[PDB]
Amino acid sequence: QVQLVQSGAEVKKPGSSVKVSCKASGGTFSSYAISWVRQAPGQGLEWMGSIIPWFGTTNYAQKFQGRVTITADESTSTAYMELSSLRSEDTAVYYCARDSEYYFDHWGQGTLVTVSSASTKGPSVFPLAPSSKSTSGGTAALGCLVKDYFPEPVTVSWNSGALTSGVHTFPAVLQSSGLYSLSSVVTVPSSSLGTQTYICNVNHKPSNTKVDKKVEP
Amino acid sequence: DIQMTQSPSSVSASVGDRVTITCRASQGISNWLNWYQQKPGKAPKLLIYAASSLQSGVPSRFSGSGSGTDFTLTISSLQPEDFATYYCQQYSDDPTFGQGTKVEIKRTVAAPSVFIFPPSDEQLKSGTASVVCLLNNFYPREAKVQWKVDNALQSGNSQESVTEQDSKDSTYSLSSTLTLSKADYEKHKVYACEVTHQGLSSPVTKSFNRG
């Protein structure tokens, strides 16, 4: 299987530099180029450049020439994208992709880099307990409230990814304070609330927040 | 250099419908035109390369055609999982992308399932009270939530967001959070989320009495 695994989300102050990594599965570096593509949140896609891990040769898009450096470490099968002199408009999800020179056929999961001078804050995680007020025809809704964090993103899984059916993880809301909040909910059988364990796994990589919250009736 | 223009900006269509999306280049790019599918929050996925070559594992209902400047992506039988934004990309010169076409699915009316969550003991101890109202799996997306505290309409103390369309049942869900101080929360009895939606003939109230 082909997989490209990128480094975590980061906050960076204006004028600084960010370096995103991209760990490729075996065989990739010996047969393919690696491209970097960015996507401003709520916007479209923009190619930054490519590296051929074989020869170490690079090609950069005109608009990033001088600001971007793409490197490859063949010993670890890891590619890197460094973007210097960061400005507010460099806030985007950065993707690495396997590049045949004719298409991008596999893409990393993406890395959200937020360029901001504001303080990083980890969320509090509160349970949304199942009760008589969250039942409907034999089903029960439960969840987690992930409150007061900056910047994006928070990711939520349930039971370490083993619970996906009926999960809704909502887009973040921006509070008046500049902090974000989000909810993640799941609907389950009401019958088994006494025997099953439900844990929301909340990650906020910019603040090293990693919280596993058990949600009980 | 080469600019890509996609049409339309969005399409809404029923399951089984034929969907046609077009991509135009500012100059001739031969057949070096790729199509990607992107789900909200996820990485783009290659569907078609070299204008008309179907990527491995991609359903056959996807097809591409064109050469030169005018290109089309066709979904022959739209499925709920086809909800996504679709991007074209030229690779004749330095790669550039179209601005995307959002494809959404039309389906039958579904009323929301409405739930309410009082503040957790953990949060109350910290000095804040967030009350969450959940509207599950409704269609269409237009839904109205009003918060009432002791029958008094609230304003300025709530935030809400809606999900992207569901990839299996084509519905939407909505979460609304009412936030007040612990002190304010304990001055009132009844916390009510009142929901208006096409699938409901009258507003539906979901409420609890504090305690």
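What's the average, rounded to a whole number, of partner chain beta-carbon atoms within 10 Å of each residue's beta-carbon in B:120-132? Walk me through the numbers on the way to the answer.
Values: counts 10, 3, 6, 6, 1, 0, 3, 0, 4, 0, 7, 0, 8.
Average per residue, whole number: 4.
What residue among A:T28, A:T57, A:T71 shows peak mean-square fluctuation when chain A is described by a Gaussian network model with Cα springs under 10 Å?
Per the Cα network of chain A with a 10 Å cutoff, A:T57 tops the list.
Could you tell me whether the protein assembly as shown comes out rounded, prolate or oblate from its Cα gyration tensor? Rule is a ≥ b ≥ c as square roots of the eigenvalues, rounded for a/c under 1.5, then prolate if a/b exceeds b/c, otherwise oblate. Walk me through the numbers on the way to the answer.
Working: a/c = 2.21, a/b = 1.57, b/c = 1.40.
In terms of gyration-tensor shape, prolate.
Label points 7 Å out from Cα along the Cβ direction at A:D212 and B:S60: separation in nm?
Between A:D212 and B:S60, the label points sit 4.5 nm apart.
Working only with C-alpha atoms, what are the Rg and Dmax values of region B:24-145, expressed in angstrom?
According to the Cα coordinates of region B:24-145, Rg and Dmax are 21.4, 66 Å.
Among B:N157, B:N136, B:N31, determine the one that fluctuates most according to a GNM of chain B built with springs between C-alpha atoms less than 10 Å apart.
Sorting by GNM fluctuation, first place goes to B:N157.
Could you state the number of Å between the C-alpha centres of region A:70-107 and region B:39-112?
When both Cα centres are located, 23 Å separates them.
With +1 on the Cβ of every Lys and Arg and -1 on the Cβ of every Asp and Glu, and nothing else charged, how large is the dipole of the protein assembly as shown about its Cα centre, in debye rounded to the nearest 20?
Values: 35 positive and 33 negative charges, 193 e Å.
Roughly 920 debye for the protein assembly as shown.
Find out how many positive minus negative residues lie around B:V11, taking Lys and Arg as positive, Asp and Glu as negative, among other residues whose Cβ is under 13 Å from that of B:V11.
On the way: positive: B:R18, B:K102, B:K106; negative: B:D17, B:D82, B:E104.
Counting the neighbours of B:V11, the net charge comes to 0.
Please report the equivalent ellipsoid semi-axes of region B:107-210, computed as sqrt(5 x eigenvalue) of the Cα gyration tensor, largest first, in whole Å. Provide the component values of the computation, followed by the final result.
On the way: eigenvalues 144, 43, 20 Å².
Each semi-axis is √(5λ); the values are 27, 15, 10 Å.
What average number of partner chain Cβ atoms lie no more than 10 Å from the Cβ of the residues making up A:167-179?
On the way: counts 0, 12, 4, 11, 7, 2, 7, 2, 3, 2, 0, 0, 0.
Taking all residues of A:167-179 together, the mean is 4.
Taking just the C-alpha trace of chain B, give me its Rg and Dmax in Å.
Final numbers for Rg and Dmax: 23.1, 70 Å.
Tabulate in residue order the Karplus-calculated ³J(HN,Hα) for region A:40-45, using 6.51 cos²θ - 1.76 cosθ + 1.60 with θ = phi - 60°, rounded to whole Hz; enter x for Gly and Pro.
Using θ = phi - 60°, the values come out as 5, x, x, 10, x, 9 Hz.
Ordered by residue, what ³J(HN,Hα) values in Hz, to whole numbers, does region B:81-93 give under the Karplus form 6.51 cos²θ - 1.76 cosθ + 1.60, where θ = phi - 60° and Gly and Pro are x?
These are the phi-based 3J(HN,Hα) values: 5, 7, 4, 4, 9, 10, 10, 9, 8, 8, 10, 7, 10 Hz.
From the backbone phi of region B:139-145, what are the Karplus-calculated ³J(HN,Hα) couplings (6.51 cos²θ - 1.76 cosθ + 1.60, θ = phi - 60°) in whole Hz, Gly and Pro given as x?
The phi angles translate into 7, x, 5, 5, 8, 10, 10 Hz.
Using every Cα-Cα pair within chain A, state what percent have a distance larger than 30 Å.
Values: 8514 of 23436 pairs.
Here the tail beyond 30 Å accounts for 36 percent of pairs.
Cβ: placed from backbone, ideal geometry, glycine included. Neighbour counts: every protein chain shown. Taken together, the values in this text are just the output of simple stated rules run on the coordinates, not laboratory data.
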